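The structure under discussion appears below in the form of structure tokens.
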Amino acid sequence: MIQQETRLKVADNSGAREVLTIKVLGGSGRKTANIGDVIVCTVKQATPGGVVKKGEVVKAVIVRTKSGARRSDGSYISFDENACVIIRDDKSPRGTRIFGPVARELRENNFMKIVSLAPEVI
Amino acid sequence: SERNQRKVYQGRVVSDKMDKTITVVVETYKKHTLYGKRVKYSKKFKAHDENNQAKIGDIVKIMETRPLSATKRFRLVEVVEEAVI
Amino acid sequence: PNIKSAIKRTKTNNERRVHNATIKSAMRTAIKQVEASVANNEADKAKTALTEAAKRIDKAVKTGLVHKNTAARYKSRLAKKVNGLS
RNA sequence: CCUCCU
RNA sequence: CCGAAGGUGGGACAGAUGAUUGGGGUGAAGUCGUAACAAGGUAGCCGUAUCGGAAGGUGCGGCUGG
RNA sequence: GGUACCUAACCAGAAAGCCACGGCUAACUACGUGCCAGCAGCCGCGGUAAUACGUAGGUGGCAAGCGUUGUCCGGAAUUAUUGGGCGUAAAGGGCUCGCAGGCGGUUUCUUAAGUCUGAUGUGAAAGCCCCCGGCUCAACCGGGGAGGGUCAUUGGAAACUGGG
RNA sequence: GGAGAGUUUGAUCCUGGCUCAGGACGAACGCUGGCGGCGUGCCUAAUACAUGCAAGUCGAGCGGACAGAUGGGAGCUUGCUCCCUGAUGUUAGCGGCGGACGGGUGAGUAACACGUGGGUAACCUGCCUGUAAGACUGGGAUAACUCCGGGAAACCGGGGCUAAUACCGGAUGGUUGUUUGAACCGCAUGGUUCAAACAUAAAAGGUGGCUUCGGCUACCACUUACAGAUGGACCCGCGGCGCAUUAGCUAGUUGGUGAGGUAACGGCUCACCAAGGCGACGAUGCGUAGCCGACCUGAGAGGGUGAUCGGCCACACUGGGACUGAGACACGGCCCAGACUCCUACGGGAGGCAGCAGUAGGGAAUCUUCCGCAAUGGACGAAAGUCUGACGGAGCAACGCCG
RNA sequence: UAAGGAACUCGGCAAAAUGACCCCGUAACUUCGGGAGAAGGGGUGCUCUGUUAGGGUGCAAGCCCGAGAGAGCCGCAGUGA
Ligand SMILES: [Mg+2]
Ligand SMILES: [Mg+2]
Ligand SMILES: [Mg+2]
Ligand SMILES: [Mg+2]
Ligand SMILES: [Mg+2]
Ligand SMILES: [Mg+2]
Ligand SMILES: [Mg+2]
Ligand SMILES: [Mg+2]
Ligand SMILES: [Mg+2]
Ligand SMILES: [Mg+2]
Ligand SMILES: [Mg+2]
Ligand SMILES: [Mg+2]
Ligand SMILES: [Mg+2]
């Protein structure tokens, strides 16, 4: 459950360390985004020398959340943190590496490059 | 035994407080490389005195040994001169 | 590795260490028996322990583990403790 | 009071 | 137990860059005066103070390289 | 590698160069520009007769190259120990008191750290070099020396410097 | 064994800078370009790397497949088949040695790192070659091969086996330790030599030939002592960078005592004591740097450089750790972490071009994805030989020097 | 009080958070006092060793105060309110 002002760790090597959520995308009054949803966000903390710089507005896909996600079989997945991956408009990650486990839900939304790069998909 | 001696030195005892130990200062007159004047050089050393006999002024001889500490490398072979006060 | 004899030397040396550790462990355990016996005031056992110690010490020397000087140092230390009892 | 440049 | 990497923190140091700003250098023929060089038209110069578009002026003490 | 080298023709045919020419440093005239265009290591050339610019014809070194830029040493007794200075050229501290340091009258005795000196050991090979030889000399390889040390160790000398 | 010249002025002497003639180079760029012979060729990004190749060997350790067929056998279309295990051959797999060299690069390092200095009484020292004892007697396991289960897989865990020159038991062993004394002494810590006791500690056989089939040999080769030699380790005097617009630094710090560790001496590590040690002769900090043989230049003093070639040192994608051993705390190993490359049907694996070539990038700029071990040197082996981008050659480039 | 965490609002108003003791450590700037509880960190229960070392009182017996250690033990959590 990510909303305007939620800060997320960035689970990639794009240069951004922390982003602030500017907007949940996909409809007028949409309050909240979950795993596999895209957000507009500003980079609040960056790694020095990275591609993505502090202050850039960027799109990111959420790949883990504390709220987590329910599956049709009645099972759930939750993580210890909220994290996203900066993306281009075609869903490809701007970085080359993904850190930490991502949720299976990203396959469903056709974030395949992310799912392939991730060390674990739970 | 026909043993080749290690490098032996002689000088004044500048330190002593360090028990089982001294600082022997071999003062000497090395010529300056370019200008050739005899400049008053002084190399400190670290020798061993088991009995704690030596004191300030003693112009003792010392001989090289096994490394007797981090800094210590010599023994008090003999107190040649015995200065007092 | 990416060499034939390297892959052998990888596989070899692992299997050597295991066998080698055994003998060190055995030695060190045998050394502890002598050290333990000093506390209890029992020289008769310490002598019979020191033999088994000394056997296990010298087996490591043969294999190529404990150096002769290393062994020399240990058997010294132990024998002084045994004599220091009486 | 001042006295263009080479 | 020690322990690399990592994390957190407050300092230290070095470089780059910054609205703007400060003098400096340089630049055939710009403007203002004429301070210095002659007793340079109020001898000049040194330290200091103060004042003035600008060279500079004036005070005090000093120097002669008047 | 059927490559070096030999023979033998076709035969000196295939094998000349680049840079420089005010002065330093041995080496000039037409024309076209007209403070333009351009040149320049330094001094400096060009404003309508340019021996230093654009072109055109013309000549000393070293020898398929030599020009240009970059770096280092020299020249530079131009950081001066060798080997420089400070009245006016740059340079005497505004003047003391003084710690450390540097330096210290004469004699004599003694010492021997400095000073000097003999002897012994090492300072690879290559390179550069002394005799230098060999490979046809060479653009090259061997041996015996030498240098190489504010160096040990030891025995003297003792004027001088230092210590009593 | 040492040369000057131009340029401040109207002219002068002086002071003073500037400039020039010389030599040197890993050069680059122009323009131009014939050949030959020696030499030299990433100085930038210790940047990242596609591809190939750079360390493998020993069947006279090895059971085993898979071959061999000297011969007998072989049903019999003489066409093809075969049944035995020929001498012995090919040698995945096991075992040994090497892989710690050779090759590369100079990142770090202002340090006993280096260049000239000791103990060898503080050490180590396999291989090699000597002089000095032996391989005697116990077995038990385990690869391969097979059986089973995995792995799409990559790779791998169980089960029964089999061998070995793999491993372990025990006697007696001069080594080693302990103790009992001596002898003899140094440079204090001591050292060297000898004798007994107690304790411990050895090996391995595979080939060819002869066996009187009791055995005895011999090259190779296993194991033990005193040697020599070789290659390492520590310690020390003295040397060789800039900055004071860097003046205080240090708290395992300085010494002691004890314990442990180490091949080895030692705050080397720790415990418990003190309060030291260093520094204006420049500590500490910052900057820069591999050091040296040498090289360039110069009359020399000096100054600069430390590509190529030789030695010492350090490092091996970044960082940590130990294992194996005579010897790395590993240059083409591993373990772990990190950033990058690859594979993975996602669970997991694989690798490090500062090896030769080459590529991209950076840059003013620096080669061939070449042939051969014939030579020289290695490693392995008794040898034949194999492997060797070490090395020899060749390609390229007026980049030198000179024919 | 899920997730979020100033998006609320004129304004973080209100609330939450911080909070004891001991120890380490602490910048700019400065009137040289300060700044300073700067900041940022660590420890904290119980048991045994243990009527510890050491201290107060006392002739002693005893009573009282009491570090710092080592070894353990338990919990989600030890200035457990
Ligand atoms: Mg005037
Ligand atoms: Mg006037
Ligand atoms: Mg006025
Ligand atoms: Mg000079
Ligand atoms: Mg003047
Ligand atoms: Mg003057
Ligand atoms: Mg004066
Ligand atoms: Mg460096
Ligand atoms: Mg809530
Ligand atoms: Mg919550
Ligand atoms: Mg708001
Ligand atoms: Mg609002
Ligand atoms: Mg409030």
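Can you tell me which residues in region B:9-37 are of a type in the set (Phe, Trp, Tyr) and either surrounded by 13 or more Cβ atoms within 10 Å (Cβ to Cβ) or more than 8 Å from RNA strand F (Cβ to nearest atom) (or both)?
B:9
Go through region A:97-117 residue by residue and tally those that are assigned to a loop (DSSP other than H, G, I, E, B), touching a strand residue (DSSP E or B) at 6+ places or on another chain (Cβ under 8 Å) and farther than 16 Å from residue A:82 by Cβ.
Total meeting the criteria: 4.
Hand me the list of strands (runs of 3 or more DSSP E) wholly inside region A:1-55 holding 3 or more residues that are away from RNA strand G (no atom under 16 Å from the Cβ).
Values: elements: A:7-10, A:16-24, A:38-46.
Qualifying strands (runs of 3 or more DSSP E): A:16-24, A:38-46.
Within region A:56-72, track down each residue that is in a strand (DSSP E or B) and under 19 Å from residue A:93 (Cα atoms).
Those that are in a strand (DSSP E or B) and under 19 Å from residue A:93 (Cα atoms): A:57, A:58, A:59, A:60, A:61, A:62, A:63, A:64.
Could you tell me which residue of region A:45-66 is farthest from RNA strand F (Cβ to nearest atom), considering only residues that are under 21 Å from residue A:80 (Cα atoms) and surrounded by fewer than 15 Cβ atoms within 10 Å (Cβ to Cβ)?
Filtering region A:45-66 for residues under 21 Å from residue A:80 (Cα atoms) gives A:45, A:60-66.
Filter once more, keeping what is surrounded by fewer than 15 Cβ atoms within 10 Å (Cβ to Cβ): A:45, A:66.
Numbers: A:45: 45, A:66: 63 Å.
Among them, the one singled out is A:66.
Among the candidates A:68, A:49, A:36, A:100, single out the residue that is more than 16 Å from RNA strand H (Cβ to nearest atom) and at positive phi.
One residue alone meets the criteria, A:49.
Do we have any residue at all in region C:9-26 that's of a type in the set (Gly, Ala, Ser) and surrounded by fewer than 11 Cβ atoms within 10 Å (Cβ to Cβ)?
no
Tell me, please, whether a residue that is buried (at least 17 other Cβ atoms within 10 Å of the Cβ) and of a type in the set (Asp, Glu) can be found in region A:15-28.
no
Laboratory data are not the source of any read-out in this text; all were calculated from the coordinates shown. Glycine gets a Cβ as well: all are built from the backbone with ideal geometry, and neighbour counts include every protein chain shown.
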